[PDB]
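Raw coords_7.cif, mmCIF, C-alpha atoms:
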data_input
#
loop_
_atom_site.label_atom_id
_atom_site.label_comp_id
_atom_site.auth_asym_id
_atom_site.auth_seq_id
_atom_site.Cartn_x
_atom_site.Cartn_y
_atom_site.Cartn_z
CA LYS A 1 77.76 36.06 57.60
CA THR A 2 76.90 36.64 53.94
CA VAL A 3 77.92 33.93 51.45
CA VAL A 4 78.71 34.87 47.85
CA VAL A 5 76.61 32.32 45.93
CA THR A 6 78.46 32.61 42.64
CA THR A 7 76.68 31.21 39.60
CA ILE A 8 76.92 31.23 35.81
CA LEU A 9 74.31 32.49 33.34
CA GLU A 10 72.94 29.42 31.56
CA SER A 11 69.53 28.39 30.26
CA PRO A 12 67.35 27.12 31.84
CA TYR A 13 69.47 27.53 34.98
CA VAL A 14 69.46 31.34 35.37
CA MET A 15 67.22 33.77 33.48
CA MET A 16 67.83 37.51 33.25
CA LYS A 17 64.64 39.17 34.51
CA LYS A 18 62.93 41.27 31.85
CA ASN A 19 62.01 43.91 34.47
CA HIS A 20 65.34 44.03 36.32
CA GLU A 21 66.03 47.72 35.62
CA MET A 22 64.39 48.79 38.90
CA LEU A 23 65.23 45.53 40.72
CA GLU A 24 68.13 45.29 43.15
CA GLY A 25 69.78 42.61 45.24
CA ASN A 26 68.91 38.95 44.79
CA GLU A 27 65.81 39.84 42.76
CA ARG A 28 67.68 40.43 39.48
CA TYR A 29 68.24 36.73 38.75
CA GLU A 30 65.69 33.92 38.67
CA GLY A 31 66.15 30.38 37.41
CA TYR A 32 66.93 26.80 38.33
CA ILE B 1 79.94 28.22 47.58
CA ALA B 2 78.85 27.98 43.94
CA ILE B 3 75.29 26.98 43.02
CA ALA B 4 75.75 26.30 39.30
CA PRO B 5 75.24 23.31 36.99
CA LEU B 6 78.87 22.18 37.17
CA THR B 7 79.80 18.82 35.66
CA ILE B 8 81.43 16.48 38.20
CA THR B 9 84.75 15.83 36.44
CA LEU B 10 87.96 14.23 37.68
CA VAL B 11 90.06 17.39 37.39
CA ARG B 12 87.41 19.39 39.26
CA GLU B 13 86.87 16.81 42.00
CA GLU B 14 90.61 16.72 42.71
CA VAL B 15 90.63 20.46 43.48
CA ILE B 16 87.05 21.20 44.65
CA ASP B 17 84.38 19.29 46.59
CA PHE B 18 81.31 17.90 44.83
CA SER B 19 78.12 16.75 46.54
CA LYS B 20 75.54 14.26 45.31
CA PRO B 21 74.12 15.18 41.88
CA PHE B 22 70.77 16.98 41.93
CA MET B 23 69.93 15.86 38.38
CA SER B 24 70.72 12.96 36.07
CA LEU B 25 71.79 13.70 32.52
CA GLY B 26 73.59 12.29 29.51
CA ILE B 27 74.30 12.65 25.81
CA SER B 28 71.21 12.64 23.59
CA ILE B 29 70.23 13.24 19.95
CA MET B 30 68.69 16.21 18.12
CA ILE B 31 66.43 15.62 15.13
CA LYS B 32 63.71 17.76 13.61
CA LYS B 33 60.14 16.87 14.47
CA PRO B 34 59.04 14.54 11.63
CA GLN B 35 57.29 16.55 8.93
CA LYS B 36 54.57 15.10 6.71
CA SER B 37 56.54 13.48 3.89
CA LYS B 38 55.46 14.05 0.31
CA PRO B 39 53.52 10.99 -0.92
CA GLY B 40 55.22 8.71 -3.39
CA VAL B 41 54.22 8.49 -7.02
CA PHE B 42 52.87 4.95 -6.60
CA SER B 43 51.38 5.54 -3.14
CA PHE B 44 47.88 4.47 -4.21
CA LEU B 45 48.95 0.85 -3.59
CA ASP B 46 49.87 1.56 0.04
CA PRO B 47 46.69 0.21 1.76
CA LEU B 48 47.38 -3.36 0.58
CA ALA B 49 50.81 -4.91 1.00
CA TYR B 50 52.96 -5.80 -2.00
CA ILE C 1 83.55 -0.67 52.74
CA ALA C 2 80.28 -1.80 51.16
CA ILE C 3 80.05 -2.12 47.37
CA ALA C 4 76.39 -3.02 46.87
CA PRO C 5 73.32 -1.70 45.03
CA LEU C 6 72.51 0.70 47.89
CA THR C 7 70.36 3.77 47.32
CA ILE C 8 71.63 7.11 48.65
CA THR C 9 68.90 8.13 51.11
CA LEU C 10 68.64 10.93 53.65
CA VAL C 11 68.70 8.62 56.68
CA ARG C 12 71.61 6.62 55.25
CA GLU C 13 73.57 9.75 54.30
CA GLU C 14 73.71 11.19 57.82
CA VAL C 15 75.33 8.03 59.22
CA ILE C 16 77.21 6.53 56.22
CA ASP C 17 79.49 8.31 53.76
CA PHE C 18 78.29 7.57 50.22
CA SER C 19 80.62 7.79 47.23
CA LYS C 20 79.71 9.21 43.84
CA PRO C 21 76.83 7.33 42.18
CA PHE C 22 78.12 4.89 39.56
CA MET C 23 74.65 4.48 38.01
CA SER C 24 71.32 6.30 37.78
CA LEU C 25 67.89 4.73 38.15
CA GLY C 26 64.28 5.45 39.04
CA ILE C 27 60.81 3.98 39.18
CA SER C 28 59.72 2.68 35.78
CA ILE C 29 56.84 0.68 34.31
CA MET C 30 56.66 -2.35 32.02
CA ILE C 31 54.03 -4.48 30.29
CA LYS C 32 53.72 -7.73 28.34
CA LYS C 33 55.21 -7.06 24.90
CA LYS C 34 48.08 -13.29 14.79
CA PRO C 35 44.80 -12.70 12.94
CA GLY C 36 42.52 -15.63 12.32
CA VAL C 37 42.37 -17.24 8.90
CA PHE C 38 38.68 -16.37 8.49
CA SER C 39 39.03 -12.93 10.09
CA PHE C 40 37.49 -11.29 7.02
CA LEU C 41 34.07 -12.28 8.41
CA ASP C 42 34.71 -10.34 11.63
CA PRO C 43 32.75 -7.14 10.76
CA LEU C 44 29.45 -9.06 10.74
CA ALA C 45 28.17 -11.52 13.33
CA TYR C 46 27.93 -15.23 12.59
#
Taking this structure as input, can you express it in the form of structure tokens?
Amino acid sequence: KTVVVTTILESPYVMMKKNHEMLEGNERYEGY
Amino acid sequence: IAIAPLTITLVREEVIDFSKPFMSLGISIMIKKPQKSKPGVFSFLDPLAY
Amino acid sequence: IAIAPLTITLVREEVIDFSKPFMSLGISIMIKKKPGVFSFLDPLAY
């Protein structure tokens, strides 16, 4: 099964990738 | 599940389940990095004590 | 129930239920925390 790993946008916990326009899936977000 | 930096509070623990903390943290203080202070007028006597 | 300074470890966790940590610690270091009267002659040898 697929688990929805919900998270909040906070620094330095989750950055918004600067090249996320062509990214999809789990690759959009990177962080702690 | 929620992988987020959530503070383990009493009201949250009563309604959700919290595991062991993955980081230790507390309240701290912000100050500016000490700048070079302007020398005093009578700062030529500094090398030797009063 | 055991109320003692017990560290929450992986081997202990799988067999014993550990409550919320009441204190935080870690490995630290410590060290051991009067000029002579005629110390003005120090720059040159006797």
Would you kindly translate the PyMOL selection byres ((chain A) within 6 of (chain B)) into the concrete residues it picks from this file, as a list in words?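 Selected by the PyMOL selection byres ((chain A) within 6 of (chain B)) in this file: residues 5, 6 and 7 of chain A.
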Please evaluate the PyMOL selection byres ((chain B) within 12 of (chain C)) against the structure above and give the resulting residues as a compact mmCIF listing (two decimals) with C-alpha atoms, in the coordinates of the input.
# COMPACT_ATOMS: atom_id res chain seq x y z
CA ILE B 8 81.43 16.48 38.20
CA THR B 9 84.75 15.83 36.44
CA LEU B 10 87.96 14.23 37.68
CA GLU B 13 86.87 16.81 42.00
CA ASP B 17 84.38 19.29 46.59
CA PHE B 18 81.31 17.90 44.83
CA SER B 19 78.12 16.75 46.54
CA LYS B 20 75.54 14.26 45.31
CA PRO B 21 74.12 15.18 41.88
CA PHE B 22 70.77 16.98 41.93
CA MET B 23 69.93 15.86 38.38
CA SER B 24 70.72 12.96 36.07
CA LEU B 25 71.79 13.70 32.52
CA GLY B 26 73.59 12.29 29.51
Residues selected by the PyMOL selection byres ((chain A and resi 16) around 12), written as a PyMOL selection string: chain A and resi 8-15+17-21+23+26-32
CA of residue 3 (chain C) and CA of residue 22 (chain C) are how many Å apart? 10.7 Å
